[PDB]
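# Close look at the chain arrangement
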Amino acid sequence: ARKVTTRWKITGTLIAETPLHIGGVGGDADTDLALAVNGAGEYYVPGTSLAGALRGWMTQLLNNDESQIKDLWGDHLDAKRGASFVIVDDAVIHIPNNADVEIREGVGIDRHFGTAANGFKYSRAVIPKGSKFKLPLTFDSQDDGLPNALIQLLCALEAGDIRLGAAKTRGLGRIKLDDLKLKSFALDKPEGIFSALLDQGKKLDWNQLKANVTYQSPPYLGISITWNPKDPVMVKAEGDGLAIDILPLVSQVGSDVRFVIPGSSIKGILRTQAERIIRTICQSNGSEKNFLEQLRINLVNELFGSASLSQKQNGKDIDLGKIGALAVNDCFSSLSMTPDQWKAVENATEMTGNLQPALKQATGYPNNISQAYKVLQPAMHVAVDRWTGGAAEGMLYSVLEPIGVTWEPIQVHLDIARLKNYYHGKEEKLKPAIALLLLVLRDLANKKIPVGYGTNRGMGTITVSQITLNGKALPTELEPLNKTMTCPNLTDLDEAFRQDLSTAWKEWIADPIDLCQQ
Amino acid sequence: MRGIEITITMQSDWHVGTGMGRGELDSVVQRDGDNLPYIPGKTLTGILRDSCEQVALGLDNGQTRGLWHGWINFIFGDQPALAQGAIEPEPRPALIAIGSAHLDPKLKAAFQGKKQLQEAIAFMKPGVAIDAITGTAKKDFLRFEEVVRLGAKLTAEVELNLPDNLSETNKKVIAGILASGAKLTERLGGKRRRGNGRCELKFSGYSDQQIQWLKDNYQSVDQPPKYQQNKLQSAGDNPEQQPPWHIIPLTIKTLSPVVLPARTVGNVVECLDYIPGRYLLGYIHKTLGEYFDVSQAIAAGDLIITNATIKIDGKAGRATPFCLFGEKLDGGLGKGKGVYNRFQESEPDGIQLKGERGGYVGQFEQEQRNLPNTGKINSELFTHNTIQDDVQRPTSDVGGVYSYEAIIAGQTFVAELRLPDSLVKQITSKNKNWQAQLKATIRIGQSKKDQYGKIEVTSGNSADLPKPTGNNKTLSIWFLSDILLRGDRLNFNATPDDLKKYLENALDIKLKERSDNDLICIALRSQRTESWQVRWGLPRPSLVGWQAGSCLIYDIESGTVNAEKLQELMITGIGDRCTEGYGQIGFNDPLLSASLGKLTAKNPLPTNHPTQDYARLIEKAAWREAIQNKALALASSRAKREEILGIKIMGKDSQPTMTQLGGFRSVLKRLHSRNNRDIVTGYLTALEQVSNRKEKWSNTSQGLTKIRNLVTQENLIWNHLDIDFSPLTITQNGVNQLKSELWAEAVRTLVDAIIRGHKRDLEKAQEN
Amino acid sequence: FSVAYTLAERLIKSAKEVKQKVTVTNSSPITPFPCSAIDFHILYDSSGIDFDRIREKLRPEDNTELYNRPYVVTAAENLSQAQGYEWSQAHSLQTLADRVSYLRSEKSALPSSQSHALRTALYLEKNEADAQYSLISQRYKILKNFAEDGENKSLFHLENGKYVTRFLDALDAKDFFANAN
């Protein structure tokens, strides 16, 4: 056979730290994008999808060196490499308790009219959060010990730095490894081959290898925004309720339901303001473009990403698509409910009847409707007919306004390494994208970006009390980003840095080239 | 010997065996004769060998050649295609034969004729390659692969033909290695490294006790014993042959594909469409060699085993006579009309004929009034690879890929064993029930130990001797085997004049070629056969002759032919190596005298069955996709949408508005089970209790009650779908349970399809 | 090359079936009318390397076949005096070349996204292939050209009792119709 000095069984629990979507061929009559299922119909991570997740990350770690990658992941064409030395099995996903798959609604909002673009209405089945699956990894070593690149990979898994599945920038795909175990079998020797057959291997202390190494986390900037809703903030639930027509969106977060602001939603509002800034400077209109064309404007194509779209340039064929360097994570409330407490609200039928206990229960104030309704408040609304007054026939509707729901910080993740690759390594080309992002954050802090449903209709205004910029391995001129800002107008960043960004920003405004074309 | 099995439990979805894809698939798994997925015995041998190579490589302390690698070459045989230079020892064959792992026989029977279910055993896995800098799908790199559902338990027959002298210690070494390498096997097939093909592989009777013995004893183990052939031993004690000749017809049925090498050229072996008798000489030595000296009988010419040719009309199909010519545009035996025996019929006006060149014709009497039945032998190409063990993928150094044509399973062939009365006396004096010993199951051919070659042999009753007619005017000859005359210089370059001289001498009659100018008189083709002799370890010489089917007819100029002698030559054959089946003649056959141009041709699984769980996964898949496809069809017509939900178009208008349908459809998303039909009935009563919302649904064809019914009458979704689920179920009580299981999904699926087909028909009326 | 050439020796017989579907009018014996035709494959290795197996994987249902691939290349005007003229038009290579042009024509006039939805549907029964097409036919007006029913509601046409289509041939040949002219 292939010689194996030592075989390693590497295993542990991978937890969805955000929702997850590995897609099958697509579409189950309940979702336009349907989760991948094994032959038993169980939700699973294809070992292909995890192998490429871990190989892909390793490719960025190792500066896209083909040699060491193919040394561990095999190669079809080298005459001495062939099959992979890392085996990745298919891993079934255990959704916590037996929580069902969530369906997540999606819409594209026309940048001219500010409303749902026609056709751009979709839904994605997503694995909840808290869901667990096995890390099914085996490594056949021909060298002695365990590769540094493979130790670095396992460090990134425990750091939660690898992302899996679809929609990685739009909320999804974060996994974390826990309870990593290493079993070693010296298949080169009699005692180790029999141990493979009988004894389940020598346990290695991961903490020993974890001490021998420093985790080489790639360049990234992380933005964490602390917001409290000023006006109620909520994404609309997928369909009208009984006692309340318009209910907040919830997600399963372990064994409990929490109010969620999808990262798809925070990313679309940030993208919308980012694009509006760019178009405002260039005085570039969006009314004649269709929605896919409206999205495709400079700097946001790199930051927020662009659709895959192969185009013949001239003989050469180029993908216009790139993943977003900017990734936003779903936001969740401080406020959780048991999965049935919320069903008590969704299935309430009378606003002054059984809804009152349901909200008293779910808010945690079973005996204070006043305190309960300072958290979740039902609001009736009328359309008033313009000749008669009174109310228009049929136009009576109710919102469950989460007036006092408290939220977790919004967490944005800028892959500086991904941007730098788009800019072909040129760290000087980062400054306009950074300048744009800080301008978008200045607007977010100044209440210029409302979030969620009903922003024009009494909801969606947020107060931003802190923004914490916390990058790692940033290029030396971007290091003044490492700041906790509390002034909305960025004046906590050093003026010499804000002037340097402003200079590069103004240089780009003067000639707004496609900054990743070279 | 028999009794060992390999049990394979597939623990992840699995892909094997083929470099081809179907309509929506770019890689399709390999499928047995039942069209069911299976693990080919060459894949299973190769996988199990590799895992034994790992164990041996560990026991050798990582030495690539050593004591325990010798044991692998003992058990699995040497690999002479790798070794190079002057390797002196003859290559050992394997001690282990490993069949193909097939699905449970009763489960396989449940599938028969259920084409839709056979497809549901496997599904598309998506595959895409992502660009490392953009993080997006690469161009070109999008594939869809067929994968077979996990949970499949497959079993392969295994045979261990251990040497007779092998010690009990060495037996336990072989058991230990095989038990070890089986337990070390965790993957098989394609993309093993990326999830696929995870398995448990177990031998029957090799528990971990066999591994534990090896652990306790591996240090005491010597080199394997030296291999030697089972040589032949001749008693010499046979009687002289005495008439009559008994004829013992042997039916051969192929139970796995059989490779019978015609042309071995490069990386492909082409296959015969008949079994030569030489393949059965080993089975004759086994079963009968205890009764008489089979080797002396072969030497004396006291034994014939004919070729096993395809069974037609309950008899051995006869090689299509080359005197038959078809109309080149609109005739021949495959068309079933327009066949002329050019020995007797002139070529028609205008139409040019082509010779018949192959296949087998059935029986034909002198007044058949029909063309003879034509038997065709089904054969399939099987493709294999060799893996270079350090890169773990095929390479040019190992030859990459090779193919065998094989006669597929289920084919039925008839041979005849002919023996003189003196030997049949000898046998019957030693066993009166001796034809019962001719029932056997044997492996013949190329690659006979693994995936190929399994045949059942069954004897009939003693057949009648041939009855050639001693026509004094003309004699015809039909070749039913390949005639191997030697020239006068003992090489095989004989000519038709050598055959004329041969028959003239044998029958004591002078012959002359018939001169009728419109009629052909000789229709031979030559044949050259290249074969190996397993007892020589060298190829046979090359045997040149004329093909089966070759024909000729002579005018008998003087002398009188004896039907007793024609019969004798119709039993013993003429020329070289008639004991193997060469030389088989047909004399004065009707089909060569006749004129033909005017003629024409004429269960569900037991509920407790262990594969019931796995079968139920196949059922849901077949049901789900059936429901989906039918929902598409039903939604494609506006009359069926109005029947099922009352939804209709009124010009530009939709009844109700799409917003009202969206409200319903958003509630139906909550119909996960029939315990949630109260959710939809809650919505409908609230809708009905509000007058303005109820009026929104007037001018529907009673849509609110149609929705109430579909949600609350469990049979009604199935009435609308009207799928016949009998071709889609194999579990007993499958229909009742799957209807109870898939109800809510079927309701959701149909309404979703209807509302989509409604909106897209509305767009045709609305968008003008 | 060997496998590819034995395919060609089978493809040449499939093209050479024009010899008896297009025939000299009032001939006796029925002579072929001189007619030129192509059959082509595009192996990918996936289709089965044997022609008989290749075509039965594109006949997904007993009345439905997803290939029109013996294409006459002789001009219609030259064929008009033969028997079997109507067949030669349905099998005219220009019908394939036109449909390929519509696929190539442009962003894509027919999105590959939607071509492949139709491609997938073709392996279903006609009632499901036509259902998918009816979900699409008026979103992409170019599809009025890819229809073959004469109704603009199906990709199939009836030929000697078989539903046959050029659409999946046009997807195959979409990139094998290039010329320096």
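Residues numbered from 1 in each chain as written, not as in the entry; some residues may be left out. Chains lettered and ligands numbered in written order. Part of a larger assembly, values for the part shown. Heavy atoms only, no water.

Below, the discussion takes up the overall build of chain B. The helix and strand inventory of chain B stands at 20 helices and 35 strands. Its C-alpha atoms give chain B a radius of gyration of 34 Å, clearly above 27 Å, the size a compact globule of 768 residues would have. Once the C-alpha set of chain B is aligned to its principal axes, its extents read approximately 115 × 85 × 60 Å. Expressed as a percentage of its 768 residues, the buried residues of chain B come to 50%. For chain B, the accessible area works out to roughly 35400 Å², and carbon and sulfur atoms hold 45% of it. With 97 positive and 88 negative side-chain charges, chain B shows a separation of 7 Å between the mean positions of the two kinds. (Helix = DSSP H or I, 4+ residues; strand = E, 2+ residues; numbered from the N terminus. Rg over C-alpha atoms; globule rule 2.2 N^0.38 Å. Buried < 20%, exposed > 50% of the residue type's maximum accessible area, 1.4 Å probe, protein only. Areas by Shrake-Rupley, 256 points an atom, 1.4 Å probe, with all protein chains shown as cover. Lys, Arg positive; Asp, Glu negative; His and termini not counted. Charge placed at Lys NZ, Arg CZ, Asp CG, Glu CD.)

Once that is clear, we can look at the side chain of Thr 461 of chain A. With respect to the secondary-structure elements, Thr 461 of chain A resides in the loop between α13 (430–445) and β22 (462–472). Once you skip the residues sitting within four places of it in the chain, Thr 461 of chain A turns out to touch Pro 229, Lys 230, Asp 231, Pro 232, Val 233 and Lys 447 of chain A. (Contact = heavy atoms within 4.5 Å.)

What follows covers the packing of aromatic side chains. On inspection of all chains with the given rule, the structure shows 19 aromatic pairs over all chains. Each ring, one from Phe 382 of chain B and one from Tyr 452 of chain B, has its centre 5.6 Å from the other, and the planes form 85 degrees; the classification is edge-to-face. One end of the pair, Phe 382 of chain B, is in strand β20 (residues 379–385); the other, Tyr 452 of chain B, is in the loop between β23 (440–443) and β24 (454–459), and 70 residues separate them in sequence. Like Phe 382 of chain B, the residue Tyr 452 of chain B is buried in the burial classification. Aromatic side chains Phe 479 of chain B and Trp 546 of chain B sit 6.2 Å apart centroid to centroid with 25 degrees between the ring planes, which places their arrangement in the stacked category. With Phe 479 of chain B in strand β25 (residues 474–479) and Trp 546 of chain B in strand β31 (residues 543–546), this pair connects stretches of sequence that are 67 residues apart. Pair check on accessibility: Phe 479 of chain B and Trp 546 of chain B agree, each one buried. In this structure an aromatic cluster arises from ring pairing among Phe 382, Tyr 402, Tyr 404 and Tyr 452 of chain B. Note that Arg 457 of chain A overlies the ring of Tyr 453 of chain A, its terminal NZ or CZ placed 5.0 Å from the centroid. Lying over the aromatic face of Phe 325 of chain B, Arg 342 of chain B brings its terminal NZ or CZ to 5.8 Å of the ring centre. (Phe/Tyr/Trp six-rings, centres within 6.5 Å; stacked < 30°, edge-to-face > 60°. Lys NZ or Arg CZ within 6 Å of the ring centre and 35° of its normal.)

A word on the packing of helix α18 (residues 703–712) of chain B against helix α19 (residues 714–721) of chain B. Packed helix pairs are specified by the crossing angle of their axes together with the interaxial distance, meaning the distance between the axes. Residue and element names in this part refer to chain B. Where α18 meets α19, the axes come as close as 5 Å, and the angle between the chain directions of the two elements is 105 degrees. With respect to α19, the axis of α18 lies roughly perpendicular. Only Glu 714, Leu 716, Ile 717 and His 720 of α19 make contact with α18, whose side of the interface consists of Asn 709, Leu 710 and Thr 712. Grouping the constituent residues of the contact of α18 with α19 by class yields three nonpolar, three polar and one charged. (Axes fitted to C-alpha atoms, helices over the stretch in contact; angles between N-to-C directions. Parallel < 35°, antiparallel > 145°, perpendicular 65-115°, else oblique. Nonpolar A, V, L, I, M, F, W, Y, C, P; charged D, E, K, R; others polar.)

By themselves, these figures tell us nothing about what the structure is for.
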